[PDB]
Every structure is written in C-alpha cells, then in structure tokens.
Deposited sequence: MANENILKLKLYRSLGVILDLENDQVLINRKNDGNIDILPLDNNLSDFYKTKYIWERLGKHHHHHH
C-alpha cells in the first residue's frame, strides 16, 4: 500500500524514464522521438529540470 508505487506510475506516465545503469534519463518527446540527458556530468539541478520540462510540452 505504498504511495511510492502510484507516484512512480505518475512519474513514468510523464514520459521520463530513469536509466541509472547508463547514468541517464530518457525523455519521451513534440516530434515523437527520444531525448536522452546524461547525469554523469557537471550539469546543475536547475538546468536538468529546465531541460526535462521544456521537452514534455508543445
């Protein structure tokens, strides 16, 4: 009865897929393609958040 099971269902439905085996995030796209953001870099939390949201809507 964990609320984390349903939260992950919600987060995945956004089209954001965690791929920690490759230290990266997959963003389902505007054009119907896949955007991949690495996490093994010096990217700030602010930039990564901006990058992700910009690719989820029109």
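Mapping the modelled residues onto the deposited sequence reveals missing stretches at 1, 31, 61-66.
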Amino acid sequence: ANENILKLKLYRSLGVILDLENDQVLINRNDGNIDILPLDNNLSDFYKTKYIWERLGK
From here on, numbers count along this sequence of modelled residues.
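Annotation for 46-54 versus 31-39: the higher mean temperature factor (C-alpha) is found in 31-39. Among the modelled residues of its chain, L8 has a C-alpha B-factor that falls in the lowest third according to the deposited record.
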